[PDB]
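Residue numbers (full-length UniProt numbering), protein chains in the order written: chain V, 755 to 933, 948 to 1056; chain G, 253 to 503; chain P, 2 to 1341; chain C, 1308 to 1373.
Here is the structure we will look at, set down as structure tokens.
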Amino acid sequence: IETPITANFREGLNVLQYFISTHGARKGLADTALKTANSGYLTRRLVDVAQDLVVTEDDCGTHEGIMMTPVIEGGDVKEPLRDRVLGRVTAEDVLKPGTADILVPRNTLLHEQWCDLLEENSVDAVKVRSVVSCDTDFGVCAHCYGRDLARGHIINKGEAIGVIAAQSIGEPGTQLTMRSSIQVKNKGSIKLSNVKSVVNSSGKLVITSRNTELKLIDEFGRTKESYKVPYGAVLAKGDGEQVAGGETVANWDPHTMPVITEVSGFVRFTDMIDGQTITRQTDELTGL
Amino acid sequence: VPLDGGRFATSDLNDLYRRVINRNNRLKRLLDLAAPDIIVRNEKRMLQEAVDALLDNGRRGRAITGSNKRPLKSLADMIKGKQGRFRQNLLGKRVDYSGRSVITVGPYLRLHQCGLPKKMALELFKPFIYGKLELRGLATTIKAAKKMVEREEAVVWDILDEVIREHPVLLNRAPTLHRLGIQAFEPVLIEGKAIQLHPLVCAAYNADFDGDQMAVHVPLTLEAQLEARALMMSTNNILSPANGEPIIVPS
Amino acid sequence: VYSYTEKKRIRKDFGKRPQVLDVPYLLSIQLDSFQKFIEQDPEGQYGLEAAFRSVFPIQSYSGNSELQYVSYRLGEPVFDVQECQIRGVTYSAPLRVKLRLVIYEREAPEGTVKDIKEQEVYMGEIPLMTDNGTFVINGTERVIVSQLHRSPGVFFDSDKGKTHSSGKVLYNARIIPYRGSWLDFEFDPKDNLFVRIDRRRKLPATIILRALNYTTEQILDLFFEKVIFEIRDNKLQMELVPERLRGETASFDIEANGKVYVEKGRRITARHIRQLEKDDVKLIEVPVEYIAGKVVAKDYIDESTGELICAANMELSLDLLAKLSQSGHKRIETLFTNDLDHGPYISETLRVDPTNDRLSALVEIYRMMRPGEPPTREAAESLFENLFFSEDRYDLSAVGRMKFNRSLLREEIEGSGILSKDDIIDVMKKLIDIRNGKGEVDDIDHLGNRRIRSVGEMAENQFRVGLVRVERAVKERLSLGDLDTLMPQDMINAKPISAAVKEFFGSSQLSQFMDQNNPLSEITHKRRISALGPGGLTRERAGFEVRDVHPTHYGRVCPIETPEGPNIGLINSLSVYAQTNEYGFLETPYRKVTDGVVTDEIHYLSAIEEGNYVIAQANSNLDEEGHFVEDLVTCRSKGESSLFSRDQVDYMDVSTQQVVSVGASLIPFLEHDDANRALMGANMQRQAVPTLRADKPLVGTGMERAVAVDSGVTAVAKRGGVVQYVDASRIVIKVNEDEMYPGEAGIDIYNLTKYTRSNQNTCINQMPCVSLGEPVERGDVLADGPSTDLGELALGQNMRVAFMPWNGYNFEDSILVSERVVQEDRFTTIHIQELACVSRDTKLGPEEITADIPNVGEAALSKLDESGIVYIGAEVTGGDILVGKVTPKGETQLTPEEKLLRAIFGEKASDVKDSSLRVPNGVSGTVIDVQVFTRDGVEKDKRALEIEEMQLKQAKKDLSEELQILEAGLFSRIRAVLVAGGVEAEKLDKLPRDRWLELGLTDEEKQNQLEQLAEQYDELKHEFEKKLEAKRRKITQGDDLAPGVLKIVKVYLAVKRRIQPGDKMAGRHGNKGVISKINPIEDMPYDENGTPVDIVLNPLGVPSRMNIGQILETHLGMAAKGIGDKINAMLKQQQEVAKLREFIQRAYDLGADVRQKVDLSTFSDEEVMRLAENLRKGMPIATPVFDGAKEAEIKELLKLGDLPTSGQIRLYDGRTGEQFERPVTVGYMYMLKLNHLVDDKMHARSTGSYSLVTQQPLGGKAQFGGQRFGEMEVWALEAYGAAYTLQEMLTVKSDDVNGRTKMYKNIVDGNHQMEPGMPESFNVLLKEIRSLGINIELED
Amino acid sequence: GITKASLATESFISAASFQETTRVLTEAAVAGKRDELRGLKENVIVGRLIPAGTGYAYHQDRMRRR
RNA sequence: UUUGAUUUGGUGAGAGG
DNA sequence: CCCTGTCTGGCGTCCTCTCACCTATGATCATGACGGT
DNA sequence: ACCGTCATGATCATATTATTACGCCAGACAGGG
Ligand SMILES: [Zn+2]
């Protein structure tokens, strides 16, 4: 509503302002009193899909597990690696970021002391054991689950993890709601992934691949920023380069899909006939 | 069973079975009498629809009804639904040795103990008090003990403080969402009629004190007392199982 | 000037806006609707006359008989309200109807009937309404609640977005009749037009246009324009109006008059349209490709062959043009089917149609209604004339015809109740216009489309359904009997009518049990706009938008008073000034702001008349004439608030209290509370309980007197005068002579209602509040009710509160209360429980109520009399015997000698077992009232004869005192008349007083008046004779009762529940709380005067739960008590009235331009002392809702008392005796006790009874039951490793019967051990699955 | 998806305590299905020790002694 | 060849958390 | 024959507390009150 | 005051019709390019 409620509660609200306030608050009470049914039915579906899964071994005997990286949406690094790899047992032994060192062994639980020795060495990402990669028939082994979470140690042989997991996902169901180009922020080094590129005539490295990931790696080794750069964008920078904080490093036009080339030469109209294939629309306000 | 009065409040299945038997008797009599084809086709069709209405009512076209327009409840409707046997009597049951009252604060408590009223304590612990009274030798038969606690003499409160002492109880707030909503305490007896609940523990139950109610349950057997002390005690739940964050945070 | 009870305690009033329309009578919806229902109403409608003239005359199955209608009449009820609530009857009135039977002859139904008969007939019993606005159905006072539903008429909704998953919106046009078959026109993604009738199968829409006897040529004449092609010598020229060409790209070069107008490849501009219409171009030239797809309108036939050239609604090709060109046709009529302007929806619809004439359309409609049966032309005509076009089965109301004409832009709002052809064609025209892009759709939640039914209209509809069942019965009987020998009471029977109206008032979804524990709760349950019930939506299905406040609830439906939980916004409460329109919509007052001046005339606007005009906000500043003092003023135009100029306004609101309801206008400082906390405050103010001595609100809104007087708990004076006799039972008013009838001499007697049971087990008392010899005015309180005081409304009590954290005992929301509160007996509420005991009739004989009872001794029977029933006054405990009743013996041991009765003793030797029916415990009390009802024929025992003699004696004394008191008033009238005209000063009292008529006086008005008083006196004599005989008949007779019951004993226990840790108290802003510790007096924080504070709240509930109004209420309450303490100081020192007059005048002026303006110079030195006697416990202050007391006025009133300006006193501690740092806030808050007590929720069970079908414990508290260890608790014990706890929690403690008896033996012997077994309810699951064709087992 | 996955289980009491019981009981009846219990809700239905918590030693013992 | 106290079902409406 | 609207079934939160309200009938032997002798 | 006639209450099988106004969301089905 274009006219706000300029009066607080210490000054008096008049009539219209309180009525607009009642719009805004009746919507919230209706949302909670109808949201609670979906939250409870979500907890029910979750504890009946889980329902069976019991910690029933001590090691499945595998070497597979998901690759825990810190998550980065495009702003500053949102959830650090110490939040994701706290108390989860590594899959293979993590190499120290210098060269080929056995920093942690390959079946150690990562409690707070190990995670601090991970944060000192600025470890990139940890290949850690996940429950979906567990090889145990009819249950989850004790290492592929992780830390007990309300006990400091590993999960005991027996403790029902499906039900506590289903409750822990569905329990915050009440608090949840129901109803141009790239500008860098920090100052570091450039790295490109999924890149197949070419240098244009002016010098800005344009990209012949749609799915290119533009990472900003710091001077330490960890990945601090990530972005998605489209097919055919004007990169102000290049691979492995050092930039300044706030300098624009990418540019494109999303309303005009570029059909840029790899080589040079002359242009011919192959199967382009005016009258059937293409049409003649001379511009009104420009003339070109 | 009859309700309070002189008539029998009959179940719906008796209507269903009585109709199937009425129709089956009619069909046997018509096959005795050699009625023509269309009569016994309607008779067997009414029996088919009667059996199909008995088993799963309303899966066929519009369900039959006795009183008044509401359809009557069949066997499959004794199984299925929110109020069948699974979701209403086998997964969740009503429970003896249990109680319920309004909560209040009582901040003098240590966080392994909760306040529990004397009237609820003498009602929930009637068999332990009976066993204690029969051990001392104050009475003889069970009747005498039930008269003693029906009168509430001066000697059963010492018996009650000697059955409480190291015996945990399960406090439970009514919308239990995660496992920290059932926690086991040790009772401390309360002159009053309200459960005194230690304040830090409230942030686990999502329990404010604006009119809330909680249920108490008594672990009867010995393995259940040990599970209440060793797994479900309130000192043992100081970290939320969803993460690593402490749940006994000062509110 | 002020009324005499307004000179008792005149409430201080802040407030700035001078009112112009006072609060109306708050119960006008119920009373006005039911007065509209039952009243002798001529000119047909509304009322019962509408039903009796729409279902009658019943004419027979061609037997030439007819049962027509004359009139109706309701006799008096046999039972008045008090006897009806005591005994348990309906409060009904018999409905006598005068019906007439006429019987026509042969060969002339337009001929003379041979015989008529007109007579009185009995049908049904409709329950009357009491003066409070409530019904008494079976001794329990019930309220029928107004329903909010959809307005009958057309409704053009748009199924937006969701269908077909391609964004193409649909448009449907639901015609909503008031009674009959629905009708939904709609579209489909192929842009065809589909009708449907009552959500049945779907047909193309034009099949009904053929059913109204339209040929296809006429249909295309209606729904399209025409395009004319003239074959004139060159390329089949065209008549062209260029308005159709607005933006169309032509296929050639349009030239005319030898001039190129339009080029090929371009579109026709608007200026080219101007050129062609300025030069008046008519005939243009088309190519052969232009009429390649033009759609012909009507049929062309060739004159030679007699065949069809081209059918109607067909595109034209080359060969069709070649055929019609050589047949002699020069004019070609086609249609204009554009992309944006006019789609060919009718044309595609007629191309999907298989039907061709009227008969096939009627056959297809008869086949979609009743599937799979042979149609016949007579049956199809009869069905389609009885769907929409008959007075019987289809009826829009006047509301329906108004909406149907208004939403189609008609002029006359009057029409027939049935549809016609023009109506359906206008629906299809408006639907096609909405699809074309002009015009708008209609929203649902807009209150111009939500009608309000009430008690009268719903009772009329249920009575009409009863009448159509009885017209089925009368049509059955009338032409299947011998005539003339019967009368019209042998035909019509009263069973379906009484069954229908008794089922509606008895158990409906809207005839609900009155929440009666408070005058506020009565007067806000009667004003309720429920959306649920029959014809409306349901809670567990819908929805989102209907639970939201629309912009047109402003001043009709309250935005902040609604129940939170599963139905928010469906159980809306109607606002204060909101009336109901003539049709049923909502309307609200406004003030007609003519061009400069706010004129003080009120003017009621509906919900759609409000939108067109522009309404000024309620609190806009104006300078003594009406001229708006600003030049930008905040207004709202069309559902949207904005800022408008000074003199473009058309209306102003009346008073600033009109957005809210009466539940949430007793909240002081409402504009400072966030709306959630105001909602919770209004709902808990409804949930209060009446205390023992209700005090007053120190900080009210002035709305208390409307809620108290305009409800029915106080004893309002009817005619003013002088009080003659006050008593705790009765009050006698002597009526003043300038208010008094000439005859029926008249002094009124108010019989108050002493201690009796309410519905919520409170104690509805009435206390007399007037002195003796005191004048009272017409329209004035005499007896305060429950939670009233001097005619005000005192729900809870006002106590000294401090906001400080005090050692944790008020942690989340808790409240900490001194023992000074419980010592003063000030929350000690009084509850009354009714305990019934019936004497049924079983086998081996009837029961015994006598006190010769087995298995009991002296200690039980000392509290009973010699006939079983407990005394009146015996203070009992929990588990004594109230009524002794013996029969329980069952069949412990089958009688050896079959039925050996006459052998040992008289009847039997106590069967085999005996146990006098002894009751439970948990509650104390004092037996205040015992009722004994006896089914007639049964021997009355000695106590039933004692109650009969008692009530005979009471009614005898009461009617004799009626005669004596009215005779005393009559003799006082005779003395008042004989002051002049033959006065005898000494001779008047020498003779006996009954002869004051034959004294010396001529034929004047005085001897005429003495003759009229002799007529009145002899009428009172014979009336007293016949009424005492009838009252002896009513006491002496039996009562009709249940099948097979001897006598019913009802006993009223009267518990007095005080306060304890665990009760729920709350203020009036949402500050809830369980009281957590009842401290001693010494521990309370006191101040540097000495007084302890009573209640210590918690400050931390204020910044999060944003209810900042309670702190302003606290400061203004402390100001009020400061003025009260200064009055108490100036009066305790025995000071003369001059200083009291000075100080009371200074405390009543004190403000800005306000409304009160009192002066004590016209109170005359005796009322000022009594006004100060009423102000010494504090000075009441009114603070209206949105025009309240600002901060500076509270500061100036805290400066009048010698209190600190900031409101905060420094407070010492009670324990340490040393000062709290940073001085704390004290004041008075008006706090309410709620009836969620703690000795009604607390429950405990070791081992009780067990259910029958599944061997699990019972549920509830009255049934001694156990708490449900539900499913999520089972999940929470699976989530730990607790395995034995869950095994005994669902096998031993709950279900397995041998397991739990082994458990009970093992617990009383000290061996904690369980033998598990199986749940018996799992065996019930096996029997229910096995009772199907399924074979479930248990292997191994 | 979770409701299609909990109704497609090799234990028909687990898939019958949850949503529609008609479909699951006819599928299990005409298949002749058998419920080797082996989970939490089968043992909450049938009234014995949970095979997760303290009862995991009891179910180790019973699974060893077959 | 003689020991026993035992059982209160669906439907719909409303409130608390 | 592979997309496709269209129709039919199947979900929709736990715990608790208070109150009221509960199918019609169509046919007949035998008991029960009323009037004549 | 006794005998006969009208009236009125027990027990007992007989077996189903004249409203609409949720919102997805899978899952199966006749239609047609
Ligand atoms: Zn594993």
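The beta-carbon is built from N, C-alpha and C at its ideal position, and this holds for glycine as well.
- Under the 9 Å criterion on CB atoms, V:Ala914 is classed as interfacial with respect to chain C.
- Rounded to the nearest whole angstrom, the C-alpha separation of C:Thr1310 and V:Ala904 is 29 Å.
- Assignment of beta strand (DSSP E) within the segment 556-629 of chain P, counting only whole runs of 3 or more residues, yields 587-594 and 599-606 in chain order.
- In the structure shown, G:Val501 falls within a coil segment according to DSSP collapsed to helix, strand and coil.
- Listed as beta-bridge partners of P:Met800 by DSSP are P:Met1230.
- The Cβ of P:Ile1330 sits closer than 9 Å to at least one Cβ of chain C.
- Around V:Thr928, the same chain offers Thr786, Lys789, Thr790 and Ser793 as residues with beta carbons nearer than 8 Å, after the five sequence neighbours per side are excluded.
- Annotation for V:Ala896: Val809, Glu811, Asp812, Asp813, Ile908, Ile909, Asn910 and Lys911 place their beta carbon closer than 8 Å to its own, counting only its chain and skipping 5 residues before and after.
- Residue state for P:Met1085 is assigned as coil, using DSSP reduced to three classes.
- Residue ranges of uninterrupted alpha helix (DSSP H) with 4 or more members, entirely inside the segment 336-414 of chain P and ordered along the chain, are 346-353, 359-370, 378-388 and 399-407.
- For the segment 301-318 of chain G, residues whose beta-carbon sits nearer than 9 Å to a beta-carbon of chain C comprise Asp308 and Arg311.
- Interface residue (Cβ-Cβ distance to chain V less than 9 Å): G:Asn489 is classified as such.
- With a beta-carbon spacing of about 5 Å, P:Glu562 and P:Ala683 fall inside the 8 Å limit used to define contacts.
- Taken through DSSP and simplified to helix, strand or coil, P:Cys770 comes out as coil.
- Using a CB distance below 8 Å, the part of the segment 599-625 of chain P facing chain V consists of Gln618, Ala619 and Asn620, ordered along the chain.
- With a cut-off of 8 Å on Cβ pairs, the segment 1028-1048 of chain P is not in contact with the segment 775-790 of chain P, counting fewer than three such pairs.
- About 3 Å separates the CB atoms of P:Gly809 and G:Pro359; that is less than 8 Å, so the two are in contact.
- One finds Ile1109 in chain P with Cβ atoms closer than 7 Å to the Cβ of V:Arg764, taken in chain order.
- DSSP lists G:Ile355 as the bridge partner or partners of G:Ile447.
- Within 8 Å of the C-beta of V:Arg860 there is not a single heavy atom belonging to ligand 1.
- The C-alpha of V:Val882 lies about 26 Å from the C-alpha of V:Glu925.
- Along the segment 1235-1312 of chain P, the beta strand (DSSP E) occurs as fully enclosed runs of 3 or more residues at 1244-1246, listed in sequence order.
- Looking from the CA of P:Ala500, the closest CA among P:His330, P:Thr141 and P:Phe464 belongs to P:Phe464.
- If you draw a 10 Å sphere on the C-beta of P:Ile1195, you find 16 or more other C-beta atoms in it, and that means buried.
- Neighbourhood of V:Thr797 in chain G, by CB distance below 8 Å: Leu429, in chain order.
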